[PDB]
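Structural overview for review
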Amino acid sequence: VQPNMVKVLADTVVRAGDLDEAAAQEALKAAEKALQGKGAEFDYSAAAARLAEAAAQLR
Amino acid sequence: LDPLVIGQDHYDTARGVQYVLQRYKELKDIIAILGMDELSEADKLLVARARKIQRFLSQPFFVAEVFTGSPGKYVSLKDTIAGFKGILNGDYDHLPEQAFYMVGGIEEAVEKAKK
Amino acid sequence: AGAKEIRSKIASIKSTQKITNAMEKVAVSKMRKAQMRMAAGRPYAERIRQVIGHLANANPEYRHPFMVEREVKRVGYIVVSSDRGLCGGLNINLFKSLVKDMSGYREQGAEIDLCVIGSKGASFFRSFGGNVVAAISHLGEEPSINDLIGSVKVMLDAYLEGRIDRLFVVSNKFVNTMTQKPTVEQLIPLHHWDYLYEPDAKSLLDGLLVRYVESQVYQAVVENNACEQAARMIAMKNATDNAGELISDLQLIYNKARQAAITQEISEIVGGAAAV
């Protein structure tokens, strides 16, 4: 509130710990894992370059 | 193939099958390039019915038992009309596509689906 | 070879060209639907930022952990990606920028945690070995902010527990209908009258900041959807144009085959008539 303006910064759904925690546990559970990769791979760059050049031949 | 020679029910069933098959022919090439999921709700439903109709047109013949291994089937005009009207009207949208191939009358498709 | 099969190829490609031309207009319509949803989210976030800025200045006695930087070796990223394909380089250019910035931290000896939105991002980390800590996928073309609560909370708790030192969101920015720019944006490390602060000003801050980060992630997700439809419009325009070239090449081959068939038939008619 202000002397010449009023704002209600609403919520789409009730925000409470019992509802809030279930979504976080589901996000942790939904993280599919098949291989424990180091994240230090160089392959990302080779495949990115391969596809980026292919996308240029397409136009 | 005239309503004054075969009646309106047979004529409409025959033209209904032809309309569905003609529409599927122009959608077939799209699915091969973009896939079935890129089509509309109406097209997805129509393609499933067209593939069922296409298989329900098949029939084992007594003179062909030497090639097919399975026994021959004789299907009357009323049984034929009832089967195509049911597939066109959606009475078999729940049956799998494979249930209509080489069976005979429409009840044989219902029985094959359970196997 | 035969003039019959060439006509079938021309018809097959012409049927395909008709639907790719239709999909371009569909992508534009969905792009306009996304642009109005981007504009509808702006009046909330700008007011929360205005309130946060005033409260943090009016109450110097408290500084929320999000407003102070810890110079340590562990970082987090929220990656926004599409679920569907048919995009003219949208995910490829984004992953290229992600890998470019991630390498700076890998080389500086810092560890990295990842949060993933969309099936294309999940497939990239699943195939290359990324250590994803939270994931979500198959969201609608019109996403709801309540679906983001879980994925954002997992990333916020890790910062509050001191496990993450800095958090960034990676997504595409809508520069104009023809241009989508891949970007990495920081999140967590953010008139002379006071409010009455009915509940504790410190308590209000601890709540308003969480709503601000979620509103930034939601705006990034909605803007990425507008970029996805713009990338799809361009991709279907190019697919329509490439089909036109294939039709043109086949038409020249067909005309050459048409002329050869008439010439051969006349050779056979003249040859047979000369022997009779």
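Sequence-order numbering is used: residues on each chain count from 1 as written, possibly diverging from the entry numbering, and only residues with coordinates are shown. Just so you know, chain letters begin at A and ligand numbers begin at 1, following the order they were written in. Working note: chains shown belong to a larger assembly, and all values are for the shown part only. Note that the side-chain values use all heavy atoms of the structure and ignore hydrogens as well as water.

In its metadata, the entry names cryo-EM as the structure determination method and reports 2.77 Å as the resolution.

Here we come to the overall build of chain A. Within chain A one finds 2 helices and 0 strands. Taking 2.2 N^0.38 as the reference for a compact globule, 59 residues should give roughly 10 Å; the C-alpha atoms of chain A span a radius of gyration of 23 Å, well beyond that estimate. The principal-axis extent of the C-alpha atoms belonging to chain A is close to 60 × 35 × 20 Å. Buried positions account for 20% of the 59 residues belonging to chain A. Positive: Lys, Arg. Negative: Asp, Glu. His and the chain ends are not part of the count. Every charge is mapped to an atom, namely NZ of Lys, CZ of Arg, CG of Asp or CD of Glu. When the 7 positive and 9 negative side-chain charges of chain A are each reduced to one mean point, those points stand 5 Å apart. Helix and strand definitions follow DSSP, with helices as H or I runs of at least four residues and strands as E runs of at least two, each counted in order from the N terminus. In this description the radius of gyration comes from C-alpha coordinates, and the expected globular size is given by 2.2 Å times residues to the power 0.38. Per-residue accessibility, obtained with a 1.4 Å probe over protein chains only, is compared with the maximum for each type, and a residue is labelled buried under 20%, exposed over 50%, and partly exposed between these values.

By way of backbone hydrogen bonds, the strands of a sheet pair with one another, either parallel or antiparallel. Residue and element names in this part refer to chain C. With mixed pairing, 5 strands are arranged side by side in an open sheet as β3-β2-β1-β4-β5. Each having just a single partner strand, β3 (132-136) and β5 (179-186) make up the two edges of the open sheet. Taken over all neighbouring pairs, the strand axes of this sheet differ in orientation by 20 degrees on average, direction set aside. A contact between two residues is defined here by any heavy atoms of the two lying within 4.5 Å. Each axis is a line fitted through C-alpha atoms, taken for helices only over the stretch in contact, and angles between the N-to-C directions span 0 to 180 degrees. Taken strand by strand, helix α5 (residues 201-275) contacts β1 (74-80), β2 (111-117), β4 (166-176) and β5, and its axis lies near 40 degrees from that of β4. Here a strand pair is declared whenever DSSP counts at least two bridges between the two strands.

A few words now on the interface of chain C and chain B. Across the contact, 6 residues belong to chain C and 5 residues belong to chain B. When the two sides are added together, the surface that chain C and chain B hide from each other amounts to roughly 610 Å², 63% of it contributed by carbon and sulfur. Considering only the surface of chain C that becomes buried against chain B, C:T16, C:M23 and C:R84 emerge as the three largest contributors, covering 50% of it. Salt bridges are identified by distance alone: a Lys or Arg side-chain nitrogen within 4 Å of an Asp or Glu carboxyl oxygen. One can count 1 salt bridge joining chain C with chain B. Taking the shortest distance from any N to any O, the salt bridge between B:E38 and C:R84 comes out at 2.7 Å. Reported buried area values correspond to the accessible surface (1.4 Å probe) lost by two parts on association, with both partners' losses combined.

To count toward a patch, a residue needs a relative accessible area over 30% and no salt bridge; like charges are then connected within 9 Å, while nonpolar side chains (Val, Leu, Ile, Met, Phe, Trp, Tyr) are connected within 5 Å. We get accessible surface area from the Shrake-Rupley algorithm with a probe of 1.4 Å; when it comes to residues, only the shown protein chains can shield them. Taken together, B:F61, B:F62, B:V63 and B:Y74 make up a surface patch of nonpolar side chains, about 560 Å² in accessible area. Residue position: B:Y74 is located in the loop between α4 (65-68) and α5 (77-89).

Judged by nonpolar contacts, the single largest core of 45 residues is most densely connected at C:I78, C:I117, C:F174 and C:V217. Among the elements of the structure, α1 (17-29) of chain A together with α1 (3-58), β1, β2, α4 (149-160), β4 and α5 of chain C are those that each provide at least two residues to this core. Here the element with the most residues in this core is α5(C); it accounts for 15 residues. C:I78 has contacts with C:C115, C:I117, C:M155, C:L167, C:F168, C:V169, C:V170, C:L187 and C:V217, leaving out every residue within four places of it along the chain. By nonpolar core is meant a set of buried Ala, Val, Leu, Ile, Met, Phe, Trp, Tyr and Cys residues that side-chain atoms within 4.5 Å join together.

Now for the side chain of C:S119. Residue and element names in this part refer to chain C. Among the structural elements, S119 can be located in helix α3 (residues 119-128). For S119, a relative accessible area of 15% puts it in the buried group. Side chain to side chain, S119 and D83 meet in a polar contact 2.6 Å long. Not counting the four nearest positions on each side in its chain, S119 is found in contact with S81, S82, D83, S137 and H138. Between N or O atoms, a polar contact is any pair within 3.5 Å; within protein, one atom must be a potential hydrogen donor and the other a potential acceptor, and residues adjacent in sequence are included only when both atoms are from side chains.

Now for the interface of chain A and chain C. Contact residues are listed per partner, giving 32 residues for chain A and 30 residues for chain C. Here chain A meets chain C over a buried area of about 2,900 Å², counting both sides, of which 60% is carbon and sulfur. Counting the surface chain A buries against chain C, the share from its top three residues, A:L9, A:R15 and A:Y44, is 23%. Here A:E32 and C:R126 are joined by a salt bridge, their closest N and O atoms 2.8 Å apart. Sorting the residues of the side of chain A that touches chain C by element identifies α1 and α2 (43-57) of chain A as the ones contributing at least two each.

A few words on the packing of α1(C) against α5(C). All names here are of chain C. Put simply, α1 and α5 touch, their axes get as near as 7 Å, and they point 165 degrees apart. Overall, the two elements α1 and α5 adopt an arrangement that is roughly antiparallel. As for how α1 packs across α5, the hand of that crossing is left-handed. Following the grouping adopted for this structure description, the nonpolar residues are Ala, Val, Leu, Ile, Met, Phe, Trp, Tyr, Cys and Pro, the charged ones are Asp, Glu, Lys and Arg, and the polar ones are all others, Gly among them. Of the residues contributing to the contact of α1 with α5, the split by class is 36 nonpolar, 11 polar and 12 charged. Oblique is the label for any angle not under 35 degrees, not over 145, and not in the 65 to 115 range, which are roughly parallel, roughly antiparallel and roughly perpendicular in turn. For any pair of crossing helices, the crossing counts as left-handed if the nearer helix is rotated counterclockwise from the farther one by less than a right angle, and right-handed if it is rotated clockwise.

So, on to the packing of aromatic side chains. Working definition: an aromatic ring pair is given by the centre-to-centre distance plus the angle between the planes. Only the six-membered ring of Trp is used, alongside the rings of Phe and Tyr, when aromatic pairs are assigned; centres must lie within 6.5 Å, and planes under 30 degrees apart are stacked while those over 60 apart are edge-to-face, with the rest tilted. The final tally for this structure, using the stated rule, is 14 aromatic pairs over all chains. Aromatic pair A:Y44 and C:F124: ring centres 5.6 Å apart, planes at 40 degrees, arrangement tilted. Here C:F124 lies in helix α3 and A:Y44 lies in helix α2, a pairing that spans two chains. Looking at C:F124, the relative accessible area reads 10%, which means it is buried. Taking the centre distance of 5.2 Å and the plane angle of 85 degrees together, the rings of C:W193 and C:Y195 count as edge-to-face. On the basis of relative accessibility, which here comes to 26%, the residue C:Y195 falls in the partly exposed class. One aromatic cluster is present, built from ring pairs that chain together A:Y44, C:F95, C:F124, C:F125 and C:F128. Lying across the ring of C:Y159, C:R70 places its NZ or CZ 4.3 Å from the centre. Geometrically, a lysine NZ or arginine CZ counts as sitting over a ring once it is within 6 Å of the ring centre and also within 35 degrees of the ring normal.

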